[PDB]
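Next comes just one chain, in structure tokens: the form solved without this ligand.
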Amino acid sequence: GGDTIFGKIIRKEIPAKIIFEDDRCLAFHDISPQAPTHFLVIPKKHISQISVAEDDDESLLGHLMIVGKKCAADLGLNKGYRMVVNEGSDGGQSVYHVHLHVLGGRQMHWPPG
């Protein structure tokens, strides 16, 4: 689902510590975590960045989060966590396939970067 490394991972072309999968997304642990628990929830539809998402991707986008809070519960993150979507340069996006970051396992700080 796309011409980025997230696509290769979705296509099972390369490995990722896969956490959850359904027909429209895939959750896996970040290869370079910034917290004890750091995983990603990505959709299989190739949306490059959130600013490019359609009104018609609303449920899908909400699914990513739904999936996000579920998988967090199942990783023993009962004390809280932070969810992050980055858009472009200023935002710090590393891969141009939209995705949700879920980080837990320590105190997250303010500001959020």
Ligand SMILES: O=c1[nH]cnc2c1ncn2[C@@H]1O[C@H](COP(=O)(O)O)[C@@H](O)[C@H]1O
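In this text, residue numbers run from 1 along the sequence as written.
Same protein, other form: the form solved in complex with this ligand, not shown, and the subject of what follows.
Exercise. Is the binding site on this chain open or blocked for this ligand after its pose in the deposited complex is superimposed by the nearby C-alphas, counting blocked as 3 or more ligand atoms within 2.4 Å of backbone or C-beta?
Worked result: This form leaves the site blocked.
For this session: Indicate whether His46 is a 4.5 Å heavy atom neighbour of this ligand in the deposited complex.
Result: Because no heavy atom of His46 falls inside 4.5 Å of this ligand in the deposited complex, the answer is no.
Exercise. Closest heavy atom of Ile9 to this ligand in the deposited complex, within 4.5 Å or not?
Worked result: Heavy-atom contact with this ligand at 4.5 Å: present for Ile9.
Exercise. Does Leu40 reach this ligand in the deposited complex if we count a contact as any heavy atom within 4.5 Å?
Worked result: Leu40 belongs to the contact set for this ligand.
Exercise. Does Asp57 make contact with this ligand in the deposited complex, using a 4.5 Å heavy atom cut-off?
Worked result: No, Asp57 sits far enough from this ligand in the deposited complex that none of its heavy atoms falls within 4.5 Å.
Exercise. Which pick from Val52, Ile31, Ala73, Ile66 sits with a heavy atom within 4.5 Å of this ligand in the deposited complex?
Worked result: Exactly one residue meets the criterion: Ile31.
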